[PDB]
Structures are given as C-alpha cells and as structure tokens.
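All heavy atoms count here, side chains included; hydrogens, waters and symmetry mates do not. Letters A, B, ... mirror the listed sequences (proteins, then strands); counts begin at 1.
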Amino acid sequence: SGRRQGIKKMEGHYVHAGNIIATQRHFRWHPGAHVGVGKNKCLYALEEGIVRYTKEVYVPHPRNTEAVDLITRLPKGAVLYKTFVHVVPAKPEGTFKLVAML
Amino acid sequence: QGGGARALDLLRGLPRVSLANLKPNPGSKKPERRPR
Amino acid sequence: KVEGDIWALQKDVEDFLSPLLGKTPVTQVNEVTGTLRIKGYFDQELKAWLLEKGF
Amino acid sequence: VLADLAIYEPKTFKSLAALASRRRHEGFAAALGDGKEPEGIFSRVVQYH
Amino acid sequence: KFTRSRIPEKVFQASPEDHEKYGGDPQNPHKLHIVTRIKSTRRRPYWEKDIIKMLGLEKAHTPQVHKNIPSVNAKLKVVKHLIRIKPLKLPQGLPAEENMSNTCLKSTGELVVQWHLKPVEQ
Amino acid sequence: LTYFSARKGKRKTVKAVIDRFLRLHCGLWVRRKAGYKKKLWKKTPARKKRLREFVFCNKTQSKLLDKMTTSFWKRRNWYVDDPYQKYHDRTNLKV
Amino acid sequence: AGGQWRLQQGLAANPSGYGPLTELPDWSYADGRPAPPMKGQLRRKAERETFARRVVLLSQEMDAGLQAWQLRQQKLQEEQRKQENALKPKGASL
Amino acid sequence: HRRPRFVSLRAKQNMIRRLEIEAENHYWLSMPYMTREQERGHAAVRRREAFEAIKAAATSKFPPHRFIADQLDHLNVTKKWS
RNA sequence: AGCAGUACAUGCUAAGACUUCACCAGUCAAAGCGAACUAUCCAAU
RNA sequence: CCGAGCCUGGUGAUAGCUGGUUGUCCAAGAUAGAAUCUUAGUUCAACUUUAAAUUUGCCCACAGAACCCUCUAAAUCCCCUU
RNA sequence: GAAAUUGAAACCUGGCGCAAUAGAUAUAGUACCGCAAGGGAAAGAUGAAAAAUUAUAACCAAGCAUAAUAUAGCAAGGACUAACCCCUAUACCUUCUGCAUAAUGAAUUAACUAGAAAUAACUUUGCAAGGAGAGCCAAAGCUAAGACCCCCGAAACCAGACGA
Ligand SMILES: [K+]
Ligand SMILES: [K+]
Ligand SMILES: [Mg+2]
Ligand SMILES: [Mg+2]
Ligand SMILES: [Mg+2]
Ligand SMILES: [Mg+2]
Ligand SMILES: [Mg+2]
Ligand SMILES: [Mg+2]
Ligand SMILES: [Mg+2]
Ligand SMILES: [Mg+2]
C-alpha cells in the first residue's frame, strides 16, 4: 500500500516543455523560473532546458492570509527560505533567416 | 568474366550427377527435435 | 539475375556505395543463385547506377 | 626423485642430508649473528638475470 | 542491513612511519600498480564481483597493471581486501620496442627489460 | 480459441475481438477506453476527454489479437472515404 | 616448501615460475641444432610482451594527460593577460 | 544445538597474514600519481575508439558468402576409380 | 473517506510528461480556439 | 464392498493430483513479482533462448533532492571522469 | 457457423503397411469365466524327400551345473609381484527449499511401452511490382519447403439390455 511521489528530474537533467519535474502531496519544492504548477501541486517544465534546484528567499502573496500571518510574526531580521526548482532555457526562441531577395 | 561458364566447366570434371549424390541446400532444412 | 563474374560486381558496388555511406558496404555474394545482397536500402541508387552501365 | 634416491642411491642421499644439515647449521649461526659477519659458504645464493 | 562500505579518507593518508616501513616516496608517487587477486569473490557481494571483473582480476595470482589514478584507486578500494597492490618498478626504464620480447616481471615487483636466464658474473 | 474447426479443420476468429478492436494494416490495434460512456456526471472534463480517445494497444496485446483473428482481418482494404485510411501505413518509422 | 625464502631472493615463489629451470629448452638435437621453442615458453613470451606493451601504453597515456593538463593551466594564465587594458583609462584618472 | 568452535593459533596467524597485506594495500593506495582534475579526459580518445570497434563489429553481421565449388564438390561422394 | 460546500467556459482542442504497475484504470499540462479579463455484456432513453 | 445391482454403449467421458516420458555432442541458461470462487493451478510481470537492428551500458567527481523536529546513523537517488 | 455464387478430377488387380507380445479378438467368438445379458484367451516353426530320424553341428538372456565358503563392511576404485589384506568411496530414483542413512519405487531376464500445429515469424530456393496451375495476398511482395504442442490412472452421469 504505497505510491511513488518525488523528483522525476534531478539536478542537471535535461527536460522538454511539459515534462513533469516532481509530484508532491504538499509544497516541498516550489516552482522557480519556467516551472509551472498543476492543480495537484505537480511541477512541470514550461521550457526546454536544464533543471536546477536552488534556495531562494520566500515571500508569499499579500492575499495569502495564512502565509502572511507567519511572516509578520517572525523576528525582525529573519528571512524564510524554501527550495525552488528552475529550468534554464537551452535554446533561443528563434532565429532570423533570409527568406527572399526582392 | 566467366561465372556461369566456369561452373559448367567444373561440372565436366566432377562425377555424373545422379540420385546417389544429391543433397538439399544448406539451411533449407531445420533438424527435427525429438523428445528422446 | 547476375551473370558472369559476380565478384567483379561486388567490387564495383563497393566502390560505388562506399562514398555515399562513408564506409565499405556490408554485402553477401551468392554465387550459386547469382545474387548480391547489400545491407541497407540502395535500390534507387543502384537502379540508376546499373542503368548507366547499360543493363 | 628424493624418495627414489633414498632407496637406490643411499650414498648420494646421505650427501644431500649432510648438505641440508650443513645449511641448517649455517642458518643457525647467521641467526645468532647480527649480520656483521659474512654469510656461510653454502648459504651463498647464485643469482640469475 | 549489510551494504556497501565507504572507508574514511584517513585510512588512506600515509603517515611518516608508514613511508619508512614500506619504502614509498610521497614526493614522487609510483605511476602504475601491480594488482593480483589473492582472495575468492565467492561469498562476497555482487558489486565486489563486478569490480574484480572490470579490473581484469578474475584469475587469481595473475599480475595486472593499472594506472595509479583516483578513478582506478576508487575501484581498488572497494576490493582492497581481495587483492595485493604493489608498485611497479622500472629499474631499467620503460621497455623499448627492441626490449618488448625480452621483458620479465619479477616477484619483487620490478620489470626488467633483459631476461638472459644466465647467471650473473661473480 | 479454435485452431481446427470441426467442419473445415481451419482456424477460427474470435468474434469478441472483432467487436472491440480495429486493426490497421501496419499491425496496430485501435480500441476505446473502458467506461467512456459510464457515469460521466462524476468525471472531470479532462478525464472525459481522455476517455473518448482512440488509443493503441501495446506489443503484447497486439500479438495476442493477431493470433485470435484469421488472415482475412489482416488484409489491406480500400474502403471509400475510410476515416482511418491514412493510419494504415506508417511514416518515418526507423525502429 | 621454500616459497617465502625464494621470494626473499627475488625468485618466483614457485620454482616452476620464471628462471632457467622452466624457460630454458628441455632438449636439443644431438648434433647441437637448437630445438623448436616449446609451446609453454612461446605462450609466456606472448603474455609477457602483451604485459609490457600495456605498461608502455598506460605510462604514455598518463604522461600525455599530464602534459595536456599543464598546457591548459598555462593557457589560462595567458588568457588572463590577454585583456589587461584594451583601452586606456581616461575618466577621472590623469 | 551448535557445538562451540575455537580459534587455533594457526588460524590467528593466517588472519594476521591477511591483515599485513591489506595494511600495505592501504599505503600504496594513499599516493595517487594524478589528481582527479588532471586525470579527466586523458583516456577519452582511447575509450571512444574502443567503443567504435565494438560498434563496428556489431554492425558488420551478415550471412556468409555462398560458393559454387562448395555445392558442386558434393558430387565427389560418388567419385570412383574408372 | 463511501461525502459536502459552492461555483455552471468541471467549455473545446492540443505539445510534452507522470502513474501504486504488468494490464485495465488513473493523473498533470504549454501553446491554440472561445471566454473571462480578474469494468464488460445486458436493461431503460 | 449394493446408501443403491450388473452388462454393453455414450467413452480414449470428465475433473484432481501423482507417476512415467527412450542416442550423443556443443552454445546459452536458476528467477523468487501481481491479479484470480485464486494461492496443489493459471495469465500479465521477474529471469531465461534464438535471430536481427542500432548505440551506449555498467562502475561512478563535484553540484543537487523539506519542511514537519531526525533515534540518525548505516545508506539511497542522480552522476562526468575512469 | 451459412447461403447466393463458384466449380475439378476419378483407368480395380496397388503399398518407404504388420510378420506370431505385431497384424484381426481370432488356430476362435472356440477353450474358459458368468444364472443371464456379457466377457473372452493362449499358441506354430526340420528337410528336396521322414517310403531319408542315430539327423537338423554348435556358439547367445535371466536361471542353474561344471566349480559352496575364509577377518572388513553400496562390494568398486586406485592399484599391486600378489584374488583378498592397504588407501579412498553415505546405492539409485522421485518428491520434500537447491536438504533423502528417516519418506516413495524396483526379484531378475526378454519383448512391448509415451509430443500428433505450420497462421505469423525465421531459414533456404523460385519469380518479382508483382506472386500463385481461377478463388488469395501484395506500399517487396508472393509462392514452395523445413521446423511447435505425450503415456497410464476416479466417483459420477445418460441410453438400452440382463438378472428374484
Ligand atoms: K490376441
Ligand atoms: K421367481
Ligand atoms: Mg493555455
Ligand atoms: Mg554452457
Ligand atoms: Mg553515467
Ligand atoms: Mg453453396
Ligand atoms: Mg495375435
Ligand atoms: Mg530410504
Ligand atoms: Mg518413483
Ligand atoms: Mg424363488
């Protein structure tokens, strides 16, 4: 009676757009640059590139009542940190090619 | 240049083709398997 | 339907196809049936090549 | 061969026993020595290259 | 639960006493290893069995020569308890093209480029 | 499966397979998803959409379906205005 | 017997290893013509030459790798000096 | 119901002999000739070419040539003195 | 836990993926259109 | 030996589970999982054979994988070089 | 599991059938068994001449006889001058986890006694955008061949007889 959830793509792995980076019951890894979130908190790549995991300062949305209450009660000088997953775009959006010589 | 004529030329030396010296082409017959 | 020296055709085919592949083509010569078997698809190239020779 | 010699060549075998006994005594003397003295005559090993 | 063993790096840090005992030279490390298998891989974990095969040590008491580099040493450390490691010695230098057919690896661990099979003079 | 019919001594087709599967001439088998018509009210739009897809069978299933049907069902057909005409032949398949 | 003593003299632990007793020819023609090389000796010659060639190969590969790494380091130092001052400073400095 | 077993002196000497060899193994493994950075890529060329040989062998499989002389030679089964 | 709240574009379509795993089933989803712009057969129709 | 006679035929009846299964040689070759009126059986899995096509496989450097209090160590995943 | 429709050949006197445990059960539906229906065997071997019988040599399974036996042990093996003495060796099969000195099976000899598919795929021919001696298949196919699926062993049930 067990299921498989966790990191599908580890650090430095190459992902294509739409690849599921990780599956989680709760937010253990947060969406970074070019990483989308699903309804079930699934993390997926929005661009083709290399997966990177970093530690970034956490700032919740002002309307996230539950999270805003936490940060307001923190001692001044203390910053919350979380683990974020990013995708570093490997290719350019496009190139300019000569098509005609009018 | 001679490939067909060479084979026929070789035949002249060899013994007469007969029912006693025929055989199937190698690979055309799989050996039967016997539970023995 | 190869007649004559099939081995001569094998060398001619190897010289013709080796530039295109970049390596010597793997082939089998069946002297009994007069058949040359080549690994890979070269039917279109070989047909034009044989047509030029005059076959 | 040593078993064959013991039976059919007793004089040669006694020599081999005497040679082994002599080498054994040379080993005893060397063990008592600190190495300053020279090695036994029969102790000397022929080297090959 | 038995698992793979990770030895602490300290075990592989030779001390000044070890150098005198074994005759090594930390300033000039030996280039090549002489490796022989002296223990069976039977009753040993499969990963050790695989390392022995990769190193070419399936046959016991057969000298193999390996480079003394970190990646190779990482493999040797896994099977260090099954092998004997002795530095290759070249008292006469590397064998030249002429000497290739006249070499011999002696038990001392030296590779000699001449093998006359004759007695040395006096 | 009947390998030798009583009256003709010929292999028979499993008609259960004909009812549920479409065989493309290339050897692929197409089927429907189980329950695509059942209890739609309790299924999300995304689940309902994948339930109405025409999906391929795996290799193991395809070989089994091939054994259960006779050669007639594997012949090439030229139906007029067939919706699956283009899918009968594979393209750019290296394997 | 005697395996450890033989090793102390630099000989093979087994007296059937390397040395005149094994490697020398067992026989020769009575007139003095040498006999053909024995099969075991031929195999040992091949095995030894293969071992020696591997020794050379591994040594050269390590030496070549060492030299190549040195060149990369020296180039990096030169690359630093390449762009020391492309354009002379001219603002707020006289 | 296991009866006790005891360690003989010979067994202890045998074990000590193994410990001495492995202790020396630790020493020789302590002095790598190259560091991890310098070793990198030194064997790349040979390692790649070796795989190409493996690939070349794995793509050269083809049925052997068939010769006429092989087929006609079977006629000699009935060869006899005139 | 075998439910409830409360919305009614829980519309259409479509790259790429995940999955208790084997199958069946199940899950996430860019872009685009349109909006908003904040189990099987059986039985009834 | 009739808790329902005997004989022939249906009948080489079905199930269940044992037992048996006949020359030689060479090559490869031992896994330990899921569903089921299913656990004395089976079919998809695990391992395994032959042939074929192609290109990486294994070992594994750093970096990297969570908060919630971790027994927290022994380890794992990923992974160039070799 | 059809049909419409389609539409061929066919000259008894032969056999890569058995040869006494085979081939019919068959020397015979007899002997024998059963009240009855019914069940149901076994076996023979000269030669041209037996109006040639002292003729037709013998040699071969198990079993015996010729010819019992001498410390000790799966009965052998290594051997040995020497059979034995010495040394080594826990019958086999099946099954129980990959473990039979504990459970199964076997007096012995002879005879009998058990893997039967060809759709796909592969291999080897033929021909080839076609193949095939109507039908079928075909985006290199198609035709032909080769090669794959054991033996013995319930109760019961049904039909029709036989029997107080
Ligand atoms: K009978
Ligand atoms: K009566
Ligand atoms: Mg969108
Ligand atoms: Mg084998
Ligand atoms: Mg890797
Ligand atoms: Mg009709
Ligand atoms: Mg009879
Ligand atoms: Mg018993
Ligand atoms: Mg039995
Ligand atoms: Mg009465």
Pair assignment for RNA chain I - dot-bracket with | for other-strand partners, Watson-Crick or G-U under 3.5 Å
..........((...(((.......)))...))............

Give a yes-or-no answer on whether the side chains of [X] and [Y] include a donor-acceptor pair shorter than 3.5 Å.
X       : Y       : value
A:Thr83 : A:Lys55 : yes
H:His42 : E:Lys67 : yes
E:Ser71 : H:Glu39 : yes

Non-hydrogen atoms of H:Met31 and E:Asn68 that approach each other most closely
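Shortest heavy-atom contact: O-ND2, 2.7 Å.
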
Interface residues of [range] with RNA chain K (non-hydrogen, below 4.0 angstrom):
range                     : answer
residues 22-36 of chain B : B:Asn25, B:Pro26, B:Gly27, B:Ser28, B:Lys29, B:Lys30, B:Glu32, B:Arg33, B:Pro35, B:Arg36
residues 54-75 of chain F : F:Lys74, F:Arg75
residues 11-40 of chain F : F:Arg11, F:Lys12, F:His25

Is H:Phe51 stacked on the base of J:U55 when the test is centres under 5.5 angstrom and planes under 30 degrees?
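Given the distance and angle limits, no, they do not stack.
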
Side chain of E:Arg6, base of J:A74: donor and acceptor closer than 3.5 Å?
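No such pair is found, so the answer is no.
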
Watson-Crick or G-U pairing of K:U6 with K:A138, both H-bond distances under 3.5 Å:
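No.
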
Using the salt bridge (charged side-chain N to carboxylate O under 4.0 Å, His left out) criterion, which residues pair with H:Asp73? Sequence neighbours excluded.
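In terms of salt bridge (charged side-chain N to carboxylate O under 4.0 Å, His left out), with neighbours along the sequence ignored, H:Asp73 is linked to no residue.
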
Give one of base, sugar-phosphate or nothing for F:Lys10, where a contact means two heavy atoms less than 4.0 Å apart.
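Result for F:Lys10 = nothing.
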
Set out, line by line, the N/O atom pairs under 3.5 Å between protein and nucleotides 2-4 of chain K.
{"from": "K:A2", "atom 1": "OP1", "to": "F:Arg7", "atom 2": "NE", "distance (Å)": "3.1"}
{"from": "K:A2", "atom 1": "OP1", "to": "F:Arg7", "atom 2": "NH2", "distance (Å)": "3.1"}
{"from": "K:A2", "atom 1": "OP2", "to": "F:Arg7", "atom 2": "NE", "distance (Å)": "3.1"}

All N/O pairs under 3.5 Å across the protein-nucleotides 59-63 of chain J interface:
{"from": "J:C59", "atom 1": "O2", "to": "E:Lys75", "atom 2": "NZ", "distance (Å)": "3.0"}
{"from": "J:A61", "atom 1": "OP1", "to": "H:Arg36", "atom 2": "NH1", "distance (Å)": "3.4"}
{"from": "J:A61", "atom 1": "OP1", "to": "H:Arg36", "atom 2": "NH2", "distance (Å)": "3.3"}
{"from": "J:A61", "atom 1": "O5'", "to": "H:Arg36", "atom 2": "NH2", "distance (Å)": "3.4"}
{"from": "J:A61", "atom 1": "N3", "to": "H:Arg40", "atom 2": "NH2", "distance (Å)": "3.3"}

Write down the partner of K:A24 under the Watson-Crick or G-U wobble criteria, each distance required to be under 3.5 Å.
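Across any shown strand, K:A24 pairs with none.
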
Does K:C86 pair with anything, Watson-Crick or G-U wobble, both distances under 3.5 Å, and if so, with which nucleotide?
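Here K:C86 is engaged in a pair, and the nucleotide opposite it is K:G78.
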
Counterpart residues, ring-ring contact (aromatic ring centres under 6.0 Å, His included), relative to E:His33 (two or more places apart):
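E:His30.
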
With sequence neighbours left out, which residue pairs that include part of residues 72-95 of chain F fulfil the salt bridge (charged side-chain N to carboxylate O under 4.0 Å, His left out) condition?
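For residues 72-95 of chain F: F:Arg76-F:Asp89.
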
Between the protein and nucleotides 127-133 of chain K, are there any N/O to N/O pairs under 3.5 Å, and if so, what are the atom names and distances?
{"from": "K:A128", "atom 1": "OP2", "to": "C:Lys1", "atom 2": "NZ", "distance (Å)": "2.8"}

Base versus backbone protein contacts along nucleotides 5-13 of chain I [heavy-atom cut-off under 4.0 Å; B, S, -]
-----B-SB

If we ignore hydrogens and angles and just use 3.5 Å, is the side chain of F:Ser5 paired with the main-chain N or O of F:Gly9 as donor and acceptor?
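Judged by distance alone, yes, a pair lies under 3.5 Å.
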
Range-with-range stems of RNA chain J (Watson-Crick or G-U pairs under 3.5 Å, three or more in a row):
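Stem segments, range with range: J:7-10 with K:157-160.
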
